[PDB]
Each structure stands twice: as C-alpha cells, then as structure tokens.
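Single chain ahead, by itself, as structure tokens, in the form deposited in one PDB entry.
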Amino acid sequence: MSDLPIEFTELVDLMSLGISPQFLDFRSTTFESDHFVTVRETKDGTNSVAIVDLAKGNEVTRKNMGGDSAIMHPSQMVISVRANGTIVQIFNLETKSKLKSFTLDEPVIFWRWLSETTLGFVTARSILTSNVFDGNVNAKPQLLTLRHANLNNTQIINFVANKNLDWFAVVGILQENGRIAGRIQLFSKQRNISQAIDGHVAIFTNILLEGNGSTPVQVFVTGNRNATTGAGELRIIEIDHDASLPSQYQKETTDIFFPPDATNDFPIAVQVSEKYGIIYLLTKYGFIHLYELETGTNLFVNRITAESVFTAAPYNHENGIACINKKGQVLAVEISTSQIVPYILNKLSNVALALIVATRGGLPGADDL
C-alpha cells in the first residue's frame, strides 16, 4: 500500500528461533535496543539465557545463567546480570571478562541502560546510576535521588534520561478503576528537585528550530491515559532553555485516541526520531500513533498487531520504533522518507506542516510548492 506514511516490518519471529512462548514477558524477554533480544529461560535450576543478535543474522548465543534478570548493552557485546535482589555482575561476552561486580544495599526492582555509558537502577526506595565503563570493577552505583512517594505502590516500568544526564524520569503503573494508571517522577539534578506527574510513557529529546542555527532545544515528551475517563493526552514541553537562543518551544498538548471500550489499553512506549522530528507512540494493544515534534500534530493512527505488546526499543539508528508482541514477533515502524510529505500535503490536507517536515528532514515531495 503505497500511500502509507510508514514502513512496517517484522525484524524476526522469535518462535522460529526455537524459543518458547512461555518467556515472552516484560521481565524475561528484554529489549534495550534493536541490536539484541535477551530471553531468560527457566527450566528447574538448569536456568539459561538466549541472546539474539539482530545485526548478525538473528544468531542465538545460549548460556547457563544463575541470575534472575539479564540485559544487553544497546550496542556493545556486554551483558548485565543480577541475582537475589542485590548481586550484580557485568561481562564482556567476547573476552568473558567481568566489567562490574558488586552487591547493592537494597534490591533492584528495575534497571536499564540510560545511555551507552550509564546503567540506571531503581530500588524500593532509591534511584541509582553506574558509569559502567570507568575501569573500576567493584565501584558501586551512585545515589541519584530517593523515589518520590507518588511511585509508592507502583510497578516500575521505565527510567529515562536526557543526553546530558541531568534530567530523568521514572515511570510506574498501578491499577485504578480496573484500568492502568501511570505515575512519573521527573528529576532535575541541577536543582536537586523531583516533580510528580501523571503518565505512562516518557522520553527526553531534542529539536532544531529556525533561527537557533545548529543548536537544539530540549523537550520532554510524555503520554498519559486517564484511568477514569479514558482520555489520552501527549504533552511536549521545553526543559532548560538556553537563553542566547532566540527560538524557543511552545508547549504542545495533543489527544491520544483510545476506543472507549479499550478497557485495558494504555501507552506502553514512546520513541523519537530527532533527525525527522517524529514521535512514535505505541499502546499495549498494538496501536501506533505518529506525531510531528515541532507542532505536536497527530499524523497517523493505526494498529500493527492484535497481540499485545510487552516491550519496545528505538529502531534503525533511533529513527523508528521496534516492539515485541505476545506471539514473539519483533515488529518495527519508521516513517517512509519518500511518502511522508505527500501524505501530509494530500491526505492531511496540510501545506504548512508538510513544508515543516520536508524542510527539517530534507525529504522529497514539497519541490513543486
């Protein structure tokens, strides 16, 4: 279908790799980038991990493991395992060498790579970071801040940071009104202050605005669904505006459409193409929502899977989104560079937006305007 503003792909079917569907869940099958999928496979105490290398032909490396949780680095051949709440060990798979080894003061509830350099930890009470590649094997993670009370009684599902590693957001969900509500702790390290807000998804990104040259402004992108009314909302807002810059970002608020009877749905991931200024917002039930970043305008709504999504990641040099569904398909979406401008011009009937997107991305389709 040649009008679609996106390309939709299956990167791999995990089930065709002999992997069991019993481990397709958020804790057991981890997905930090579209480079690797790590599956924790439980069979008695004869426990194991299957590492799928998406770059190298879906090659699986399988190892016995004594840990309860395992993640791969976004790019490097580095695996992180934790056990018994508090025991953490990180290895260079290639040399077999141990990068980090320590025992934490409090059990880890959630972890993920915040960047290529920094691993984030959330405990019952605390939020911690580790500069894993400092060459100090036994150096323990540094306290970032205590958890805000708004995250009490939630399941921790995300921890994100900006590139500068001085703004952060932790996301927890809980059942309210028989539906999923989300709570976010936002933390500014420079101010040493936290703020509690409502939401299910969060990401820090950057945008180049006319008249600021080649200097980005930073924006936070967050999406919520109200657990009582069902109303969905995306917000985009500036953080730490650099004063010399003459263009700044005016906050945007845009609807996220959920069918009223989509009782159990909520936003489950958000990823941004900084190059193209495109937000990808994915829901648990498999709905994809595209937004343009400058204007917050909704571009597209559709569904890419009928099976629920349980984990997601950036795709293709962070210009798209990838996800894994309950049937074990790894699915991917990114804009079609050749079709997105005609789509905006002619389907959305929106000349000004088409020119915004064409200009930012160097894309075709606006050359007869």
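In this text, residue numbers run from 1 along the sequence as written. For the two forms, the rigid core is made up of the largest set of C-alpha atoms that agree within 1.5 Å on superposition.
The same protein has a further form, the form deposited in another entry, not shown here; the description that follows concerns it.
2 Å-or-more CA mover between the shown form and the other one, where superposition uses the core and the choices are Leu331, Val39, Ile335, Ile344: After core superposition, the single residue displaced by 2 Å or more is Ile344.
Exceeds or equals 2 Å, Cα of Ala354 between the shown form and the other one, core fit: After core superposition, the displacement of the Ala354 C-alpha between the shown form and the other one reaches the 2 Å mark, so yes.
Shift of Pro260 between the shown form and the other one at or above 2 Å (CA, core fit): Yes; that C-alpha moves by at least 2 Å between the shown form and the other one.
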